[PDB]
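Order of appearance sets the numbers: ligands from 1, and atoms from 1 within every ligand. Throughout, protein chains are lettered first and strands after them, A, B, ... in sequence-line order, and every chain is numbered starting at 1. What's counted below: heavy atoms across the whole structure, side chains too, no hydrogens, waters or symmetry copies.
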Amino acid sequence: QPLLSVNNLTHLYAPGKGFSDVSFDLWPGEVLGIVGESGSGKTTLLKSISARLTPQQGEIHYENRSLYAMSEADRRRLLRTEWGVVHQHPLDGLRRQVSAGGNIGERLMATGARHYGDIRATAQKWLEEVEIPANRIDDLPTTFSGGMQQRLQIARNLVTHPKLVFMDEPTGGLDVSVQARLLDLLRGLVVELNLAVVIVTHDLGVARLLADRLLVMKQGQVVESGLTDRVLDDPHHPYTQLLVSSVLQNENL
Amino acid sequence: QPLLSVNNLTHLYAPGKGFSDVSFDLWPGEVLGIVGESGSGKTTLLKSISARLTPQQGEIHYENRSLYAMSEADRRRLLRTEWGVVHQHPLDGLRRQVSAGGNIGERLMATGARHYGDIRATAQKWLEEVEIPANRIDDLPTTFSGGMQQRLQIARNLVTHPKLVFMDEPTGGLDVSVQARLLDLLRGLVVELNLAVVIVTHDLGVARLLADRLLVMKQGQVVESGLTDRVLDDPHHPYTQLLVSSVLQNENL
Amino acid sequence: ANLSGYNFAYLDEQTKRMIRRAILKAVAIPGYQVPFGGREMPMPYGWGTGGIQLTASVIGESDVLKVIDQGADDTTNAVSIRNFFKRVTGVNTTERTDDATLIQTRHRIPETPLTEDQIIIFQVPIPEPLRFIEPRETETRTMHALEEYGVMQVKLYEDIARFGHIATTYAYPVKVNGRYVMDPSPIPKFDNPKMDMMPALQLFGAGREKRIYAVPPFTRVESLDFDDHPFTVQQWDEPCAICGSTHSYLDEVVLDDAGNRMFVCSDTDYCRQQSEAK
Amino acid sequence: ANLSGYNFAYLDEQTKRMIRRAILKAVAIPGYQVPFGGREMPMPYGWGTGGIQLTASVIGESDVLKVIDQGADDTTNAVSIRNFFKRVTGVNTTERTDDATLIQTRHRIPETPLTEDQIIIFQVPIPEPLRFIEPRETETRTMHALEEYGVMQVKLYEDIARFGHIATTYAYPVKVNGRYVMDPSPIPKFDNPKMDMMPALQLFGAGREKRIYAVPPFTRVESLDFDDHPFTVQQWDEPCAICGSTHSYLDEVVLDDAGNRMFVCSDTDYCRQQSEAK
Amino acid sequence: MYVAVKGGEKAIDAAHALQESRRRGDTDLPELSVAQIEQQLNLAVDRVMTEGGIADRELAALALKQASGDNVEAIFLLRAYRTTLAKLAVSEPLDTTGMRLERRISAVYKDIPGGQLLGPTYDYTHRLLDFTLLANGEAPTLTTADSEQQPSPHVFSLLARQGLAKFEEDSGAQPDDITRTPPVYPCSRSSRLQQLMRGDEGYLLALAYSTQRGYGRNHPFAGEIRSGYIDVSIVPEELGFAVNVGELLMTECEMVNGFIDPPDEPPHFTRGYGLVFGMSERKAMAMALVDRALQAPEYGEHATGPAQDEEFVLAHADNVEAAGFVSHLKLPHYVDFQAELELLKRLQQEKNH
Amino acid sequence: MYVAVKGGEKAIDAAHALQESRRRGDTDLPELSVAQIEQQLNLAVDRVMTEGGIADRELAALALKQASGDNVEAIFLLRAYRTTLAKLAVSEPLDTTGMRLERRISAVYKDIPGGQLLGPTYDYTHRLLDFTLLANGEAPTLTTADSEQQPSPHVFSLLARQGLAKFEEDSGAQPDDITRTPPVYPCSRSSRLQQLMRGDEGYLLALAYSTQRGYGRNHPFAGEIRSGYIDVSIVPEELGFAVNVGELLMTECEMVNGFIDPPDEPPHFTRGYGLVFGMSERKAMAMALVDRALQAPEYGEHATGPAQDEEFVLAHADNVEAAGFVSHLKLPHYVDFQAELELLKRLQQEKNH
Ligand SMILES: Nc1ncnc2c1ncn2[C@@H]1O[C@H](COP(=O)(O)OP(=O)(O)O)[C@@H](O)[C@H]1O
Ligand SMILES: Nc1ncnc2c1ncn2[C@@H]1O[C@H](COP(=O)(O)OP(=O)(O)O)[C@@H](O)[C@H]1O
Ligand SMILES: O=P(O)(O)OC[C@H]1O[C@@H]2OP(=O)(O)O[C@@H]2[C@@H]1O
Ligand SMILES: O=P(O)(O)OC[C@H]1O[C@@H]2OP(=O)(O)O[C@@H]2[C@@H]1O
Ligand SMILES: [Mg+2]
Ligand SMILES: [Mg+2]
Ligand SMILES: [Zn+2]
Ligand SMILES: [Zn+2]
Ligand SMILES: [Zn+2]
Ligand SMILES: [Zn+2]
């Protein structure tokens, strides 16, 4: 049975703004990439399926429990201990006045961790995992660069080894080397720990290397979906063809 | 003579945070790319050379006038009428409580525009230039997606046809199609109007297609510089080699 | 004469001299809000203390003082201020604009054009034209220093986009001498044109906010507007019910509970002149 | 007896009944701040009104009331509250903890262990343990509802990272019955252990903030801490200068301007018992 | 060795005796009478009534006398006395159109039906200390005009009939009573107004002033201020029909505020309301201004000042609470402070290691 | 047709006569004496002196009498009277260690050198309305103890000698004078304290209370509150040596605030300071609390409450300004309101088109 099941999900701020009639499944150890036009409803959908925006229509089932039929307490418990959420703007997923170490350790303590030294050591290890120097642990995120904030948010949302991570453009602000580090980290987590990921991205290379399936969104509607390689290499919808044709081609020397 | 001349520029928050001893020239109708590790000092340098951060050492000359020896009034006049600045976080370059039309029209009115209808028409034309529907003119940027905010910021900073535009990761949050639209727009402005651009980017494809020269920054130091194609295809510094090797390769069907 | 036990014009000489230096600086820097160490008056802050201090620092024994509020000499506060000045100076007073050497006003410029050697002193609550856009002095001071007036232009453009018109109807901001954005005091837009290239010296006092500024004679004062939304003054469908004038700012007098009203000149001296002409 | 012209315990029966319903709800929901329609007392808000109202709503004619402030019965406010209750109830009063049926306290739990049928009533300024992290009730209410206690854990961890220790020294937050994070009132951390599995019923009143909460007898109360930074109580290098006790919370009495001081038990009844034993 | 001694009760009694003697002052002077305070310090009495919650001039004057003129202490005295009294009735809603006017002014029109009635006011006085009051004097013999009270319709009624403002309609909603249930944020407008009426005059004045200076501007005009006697009526269960129990001197302030342009109705002025006991007006004006500021959620207004922050304003408005909690610092805090000192000494020792 | 008539002057005179008659009240009662207000309403006098800027009890009582007990109007009367007087001297700095104590308490230690001297206070009284004050009574015959004043060193001196707090050092900086130059934000601590001393009691109390409730917490303990007589000395140019011109009754409050851990010194308590004329304390306490709150820029503190917003607090603290500007809405505003009306009518017509 699917870890997450989305049926006829709809949320529209206005006639065209948001998403309408979105359905998909997700299982453990799988990545659902979401690509499409800027302003197509990807962030809105990610919020809705991550218990942050009540849909107007449709249902979300997590482990065969309707997401928005649950109590608010249960949803917050899921978002504290079970799920991870990486926001498009990194600071939206961080505590500005809390050090990086504290930002990471909040999640660990939410899972019952109560040893300060172990929490700090894990935070430093995860800072080194995302190539943030461990000597920045006590610095506030406001002193971090955009990419550093992004990586801190990722580390904060991955430290508890969640069963399901929603990510909005996680590679934003990352250099290609640290981007590759992050892709390897996520792939390893998915394959080993059976982590499931829903990743919104505009980098079709990241989608190709990471996403097991893809959803192409235009004007709030999923216009194409299926195997990532099939969608990117054999697009059927005109918009998907335009998107793949707009990719910046590289050359091999 | 160079439009912008940077000599021995240095600004360090701490021993390693920021940039140190940076020198380069820029001329009209040219694009200086800045690439490097997240947290290497690119945003700090861009702020310093854009009259937003006083350097500790070195000099910046704009049209043969020292930038920080000028009055604050002159620097603000440059940033109002002469220059454009695109921030890494789009909202930092936008007025949250001002409509998109107002965000664009502020710059026009700063250049002496005083016809409301013409200002609104130009704002709509530039919204269509960045593929934002013209019917979003009266909506606040808070209702915009991240990429929409990015494109609104770009339109706001390009509407006055500035002689020099500093951009921090302008393609962040943009789909590949609208990214290509933006690249064509910037290239056309550079070639026709002799616009000069200093663009920080992590997408080496954008740098290759847009930048005439590159600076590569690691830990606040320019470790490599020169012709874009030479830097990317014949890197000498180990970090540049690592960066180019980390690029996500694509395939042609 | 002054026979009340107070110094002439009620201010000590030190305060007069400080205010006079402030006036001279304001004149030399048109539109710029000159801070000054204003003092508490017998009138509460917000009831005209700045204008009172300016008049006390400029007035002499031979001056003919005119005090108006809402364009009328008989207004309560106008009567109070004028009686105070009669007590502490003994100067001659008039309701006739053309005979006044000093005119202290609240929210009106007289319809009768001012002339050389006349000084008109405005009572100003908020001397900062950017205050309602930016409540903090720490920011508006810098904006005036750097001529960073974009928030005002954005306010005007957003007003047009929202309502189709500029929302401000009184205290309408004006550019003075091509440089300084200045608050003209809460006069209606109707009066702003009179400030442009006027033979009289205009002084502006904000006692509570501790500012003095000035527009010298024959100085450009241009209301901020747009070519397709040009500065337009208040209009009424009716003339003055008393003198019949169609060229004056009108005040609406509610006559009965059944909605019957009339409109009469705010400038009572102008109204009297018009009524005597006919 | 009650011979002052006021109802017994000074509260009208409606207020007593409302407070009693609040007490019962608080008992059924340990650690949860029960709002209640508290009234203004003869003591100012912030001088113990919540404890006064609780005691007035629970006290009877056969109760033996003990009132302490800073652990001392003779403290000014303790004397005031106790005299008020003697006036409006006539109940017997004691300074001896073991003879008290009701103990109203400010900032101390007595060293003498409490016993069954005893009720200890705490005066609480801030009933919300998250208030200094989150000043707004609109947020702390939801955080308690959803058990969203992360800001508190983050505060503790940041305190350790900054100073090497948790900065809170009194009103140290405690988890009650495994669920509710509760403010134990401004008692020093020294007293927090006494709250765990205590035979007496603990009541907490915040009159100004309009809250009542409770810890029933034999309920788990665990101070928030870390394994490597375990909950530690205040310690002193000196014993009590009077009774010689090393197991009591000490207050520092400054004796002279030359830095000479002494330390004496805050719990004056415990100090008297110890002094009589020796 | 040192032995504890009892000093609390006798020190407290001596302190209270000292305060009572200071209150009496020089016995060569006659003791002030509560009637004198009620008559000649009537504005202080107005404030004490409004903020103490009881509109009994004699009780407010008594509290002022007992408080040595301390308005805060007197307000607390009256508020506490309220707790000892039973609620014998709830009045029928006041009808301010029936007020017998002592004063009625409007800033929005030069002249209005019923006229500008200045009444007893310090407005337009020259605030020069009147040293003749250092000795007994003669009050002016008042001049007299016609005795008839002209019709004085509310200015907002004239605004609303033109469509410039919206009538305040009564849907029959049951008012919230913060004296029986603690406030729950966000509070209804009825609860907010009840709290504002009880709020500190100075705090609310400063908040309104900040709103006038751009921190949450509401573009206010004093549409109407009335001060006069309003009849109070109840419906006792014994008789079942309304009885007039007397009249109260009250001041009512209606402020015109910033107009709005709602999606589906003509643009119109907003409005604020203030109501206080007695003649003192500035409390009513500040109450109306802050009421409009706290109306922000209704109008979807983006807050630009603390006056629009409902919890910050209302939670700290009641000076009974604020004065009590600020004064409580005078209470012994040495256990707490010892807990602080122990931590600080350990921190210093660790840093100096 | 309608003709204009003169009504302003006579209406104003009648209004002022009405106010004077109301101030006198019932002539059967004896007229209040300024001496009576000074003696028996001494806390109101304390507030009027502190906020009006003149420490002259008789003048404050006169203002209160003239203001009909309106503390705001009396404060403005005294403040305005200040403008008519010449500055004959500037005092040497006050030395509060020389105060002759009426009252001295400390919350941070149970007992201190010099003892807890409660003095005349309403603290620990049961606020029950004393109806015996409705008639003449007898003040208590005060009990007497030893007449010697024990040494009462400042508690902060004892804190600083231990290294727990920092001595307030004098570098000789020239104080700013907001009575001669308008404030320039950010203001020095001297200017901020001068403004706080003149600030509205209720506003500052509410701000301090909000700080106690987490809106910019400063962890305050009432380190010491003293009330007593302090000598004033000057150095006249005529003689060139110091002369004692008398003594003033003043209250001083020193608050211990939350400790800090600076990079290169031992951690120590911060502190706040309050100083007022007379016995009323809560103004001094609130002044110290808000002074500490406004010390945020010095300590690099991230603001969490309006009490830390310097411009918002200080620009609206003076009740002379705030009351004046709020009351000014009572002034005729019909020209501006007519402009507003014209715009609104045009907007309505355009929407309804
Ligand atoms: N709060 C809001 N109010 C109105 N419209 C909104 C709001 N938030 C987002 N939108 C609109 O909804 C659409 C979807 O936004 P979003 O899901 O963020 O796009 P993207 O897929 O680029 O993340 C956009 O066109 C945006 O303008
Ligand atoms: N306000 C600040 N205080 C201290 N350090 C800072 C501050 N802002 C940036 N830094 C540090 O300076 C370095 C350069 O940052 P930045 O120029 O933003 O990097 P990038 O090149 O990724 O944009 C980073 O390592 C960052 O942590
Ligand atoms: O600060 P002051 O004392 O100099 O008063 C200036 C102005 O402030 C008030 O506002 P207003 O424009 O309505 O008229 C009043 C007065 O004229
Ligand atoms: O709100 P109340 O009236 O019930 O008073 C509760 C507490 O608030 C104050 O703070 P505190 O803990 O120092 O002691 C005082 C008092 O006991
Ligand atoms: Mg998005
Ligand atoms: Mg950057
Ligand atoms: Zn006319
Ligand atoms: Zn002992
Ligand atoms: Zn306390
Ligand atoms: Zn006004």
Are a donor atom and an acceptor atom from the side chains of C/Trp47 and F/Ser327 found within less than 3.5 Å of each other?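 Yes, because at least one side-chain N or O of C/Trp47 sits under 3.5 Å from a partner of the opposite role on F/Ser327.
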Any salt bridge between C/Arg208 and F/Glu321, counting N to O under 4.0 Å?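 Between F/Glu321 and C/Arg208 there is no salt bridge, as every charged N stays at least 4.0 Å from the carboxylate O atoms.
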Would you give the angle at the Zn ion (ligand 7) between C/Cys240 atom SG and C/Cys265 atom SG, to the nearest 10°?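 The SG/SG angle about the Zn ion (ligand 7) sits at 110°.
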Have a look at the Zn ion (ligand 7) and estimate, to 10 degrees, the angle subtended by SG (C/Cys243) and SG (C/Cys271).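 SG of C/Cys243, the Zn ion (ligand 7) and SG of C/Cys271 span an angle of about 110°.
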F/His333: which N/O/S atom is nearest the Zn ion (ligand 10)?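 In F/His333, the N, O or S atom with the shortest distance to the Zn ion (ligand 10) is NE2.
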Short check: any N/O/S atom of B/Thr43 below 2.8 Å from the Mg ion (ligand 6)?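 Of the N, O and S atoms in B/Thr43, at least one lies under 2.8 Å from the Mg ion (ligand 6), which means yes.
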The Mg ion (ligand 6) and B/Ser38: any N/O/S contact shorter than 2.8 Å?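 No, B/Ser38 does not qualify, because none of its backbone or side-chain N, O or S atoms lies under 2.8 Å.
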Are C/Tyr170 and E/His219 an aromatic pair by the rule of ring centers under 6.0 Å?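 So the answer is yes for these two rings.
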Are the side chains of B/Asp168 and B/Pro170 in touch, meaning some heavy atoms are under 4.5 Å apart?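 Side-chain contact under 4.5 Å: no.
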Can you confirm whether F/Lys6 is buried at NZ, in the sense that more than 12 heavy atoms of other residues, nucleotides or ligands lie under 6.0 Å from that atom?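 No, not enclosed.
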